[PDB]
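Working notes, structure below.
Protein chains in written order, with the deposited numbering: chain F, 2 to 166, 216 to 443; chain N, 1 to 173.
Right, dumping it as structure tokens:
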């Protein structure tokens, strides 16, 4: 009982501005995994993941989308740079590491995921180990069967007196790291992860375009295309040797991403083109786009900053003109120097807030207001001095 | 072309013409050969590739970056990578940069030279500019700009490869 595409897109909208097509795309991928489980044994083998290739400029949403998708599916996720492997012509590393690295992270998850879904029970039983070294009326019976039976009486007021109140606390934590372990099953835990990898794995391959042709030279194209060749089995369906078991890449979902300014998806090796059935483009972000990014996402950077500052007992407020001013800056720098997409926001927002971020603890209890005035005072000069821009922003 | 740098009292200028030639015909007539660099704290001129300059001026402005701003050292380091890297070694151009401190000339040969009276006159018209520049500086109270300009004009009338389109930059201190 998974979410529908529109449902998936929605959730994605909660974190990413624009890039609707990419969302619908990455959304159909997810839905199809549900769709597949709903078929007969025969078909379940024939239907493979509809791998996607995102086409677009830097920092405009590609990775975030893939990352949020995985999160939403609670699927193990892993990002990987394609060119990493062209290096293998010296030493580099082998592609199988992708599934291996994926599994390791797929484990770190199943672990933290299961251990956390236990740290509460272990603490309660923990006190039942401490509330046992303070009143031990164990065994069967002791007094009455009804009224006198319940031994809680003094014990109850005893545990409460301890909870809110060697060393109990020092003792419990020790019991926590003794009961929790004494409750985990590392056998199925090892296979738990594998099943994940195999049924919900999401591999993100960045720089796919950097692995393409170009009348460049024999040597380089040979190194590049090789990474493509080495990728085939992963994407066509094979078995990988995992430090924790054997994994079948057969249903892992692959989301490749490329600029394709220099190279075209048609330069990709034929076998690969076949296994990247979905093509989607992402647009460059607009100043307007920026303004939304700064605030709309539900854990937007601006929200984070406000929160971080609250920590210090300082109330921050972003004026609309302030936000607009921040956005323009990022855009201005990106156009005057090098366009790095939304990333520019973080640098700008961060330089802008330095003075406060430092003085924060001292303005404890104040009401600071970052309005268009403030912004301009702090960023205009820098934004203008190009050379200074390439260093500070 | 003709670039003319002069330094009188609290100012120092770099003026040049805008003629671009090819063979025996004028390619362009308003080429901007002088510009400002390093937060407009440095003024410079170039004789050559309208783009080679672009690459050079930048790296130069990259030296003034993490070298405090010592014009001289920055120039010494610039010419050093210019005389080295194939990339840089490829491009040809005469570099003339001044600043509050002192003005100087950089070349592909990895040469950092500074004329006697911080008077620079590079390009096919350099000599003519110099002769006129000195005559004035010698027998006149005219400003750093008035000489570099009048000097540049004079060159422009003698030199078949330089015109009267000017691009002047100045520095006061």
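Heads up, the beta-carbon is just placed ideally off N, CA and C, and yes, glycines get one too.
Taking every protein chain shown into account, the CB of residue 63 of chain F has 16 or more other CB atoms within 10 angstroms, so this residue is buried. Under the three-pair Cβ rule at 8 Å, the segment 267 to 280 of chain F counts as touching the segment 76 to 94 of chain F. At a cut-off of 8 Å between C-beta atoms, residue 65 of chain N counts as an interface residue with respect to chain F. When C-beta distances to chain N are compared with 8 Å, the residues of the segment 424 to 438 of chain F below that value are 435, 437 and 438, in chain order. Under DSSP, residue 54 of chain F takes part in a beta bridge, and its partners are F/306 and F/329. Interface annotation, residue 61 of chain N: in contact with chain F, CB-CB separation under 8 Å. Listed along chain F, no residue sits closer than 7 Å to residue 9 of chain N by beta-carbon distance, the nearest being about 28 Å off.
Using a CB distance cut-off of 8 Å, residue 38 of chain N counts as an interface residue toward chain F. The residues 248 and 289, in chain order, have a CB closer than 6 Å to that of residue 298 of chain F in the same chain once the five nearest residues on each side in sequence are set aside.
Runs of the beta strand (DSSP E) lying entirely within the segment 89 to 121 of chain N and spanning at least 3 residues, in chain order: 93 to 98, 104 to 107 and 111 to 113.
Apart from sequence neighbours up to five positions away, the residues of its chain that approach residue 61 of chain N with a beta-carbon distance below 8 Å are 37, 38 and 42, ordered along the chain. Burial check for residue 5 of chain F: the Cβ neighbour count within 10 Å stays below 16, so the residue is exposed. The residue among F/304, F/401, F/116 and F/265 with its C-alpha nearest the C-alpha of residue 53 of chain F is F/304. Residue 64 of chain F: member of the alpha helix (DSSP H) spanning 63 to 74, first to last residue. Note on geometry: alpha-carbon atoms of residue 12 of chain N and residue 18 of chain N lie some 20 Å from one another.
Separation of the CB atoms of residue 15 of chain N and residue 167 of chain N is rounded to 7 Å, and the pair is thereby assigned contact status at 8 Å.
Secondary structure at residue 46 of chain F: helix, using DSSP grouped into helix, strand and coil.
Here the C-alpha atom of residue 160 of chain N lies approximately 23 Å from the C-alpha atom of residue 52 of chain N. Taking 8 Å as the upper bound for CB-CB distance, residue 282 of chain F and residue 322 of chain F are in contact here, some 7 Å apart. Ranking F/258, F/355, F/340 and F/352 by CA distance to the CA of residue 312 of chain F puts F/258 first. Here residue 82 of chain N is buried. Its C-beta has 16 or more other C-beta atoms within 10 Å. With respect to residue 162 of chain N, residue 124 of chain N sits close: the two C-beta atoms are nearer than 8 Å. Counting only runs of at least 3 residues, the segment 349 to 433 of chain F fully encloses the following beta strand (DSSP E) elements, listed from N- to C-terminal order: 365 to 368 and 417 to 420. The residue from N/32, N/45 and N/101 with its alpha-carbon nearest to that of residue 71 of chain N is N/101.
Secondary structure note for residue 11 of chain N: it is in no alpha helix (DSSP H), and the uninterrupted beta strand (DSSP E) holding it is 11 to 16. In this structure, the beta-carbon distance from residue 172 of chain N to residue 8 of chain N does not fall below 8 Å. For residue 82 of chain F, the beta-bridge partners assigned by DSSP are F/256. The three-state reading of DSSP puts residue 170 of chain N in strand, counting E and B together.
In this structure, the CA atom of residue 63 of chain N is about 21 Å from the CA atom of residue 50 of chain N.
In this structure, the straight-line span from the alpha carbon of residue 436 of chain F to that of residue 386 of chain F is close to 7 Å.
Sequence-distant Cβ neighbours of residue 88 of chain N in its own chain, meaning closer than 7 Å and more than five residues away, are 81 and 82. The C-beta separation of residue 341 of chain F from residue 377 of chain F comes to about 4 Å, placing the pair in contact by the 8 Å criterion. Between residue 117 of chain N and residue 91 of chain N, the CB-CB gap reaches or exceeds 8 Å.
The three-state reading of DSSP puts residue 165 of chain N in coil, since its state is none of H, G, I, E or B.
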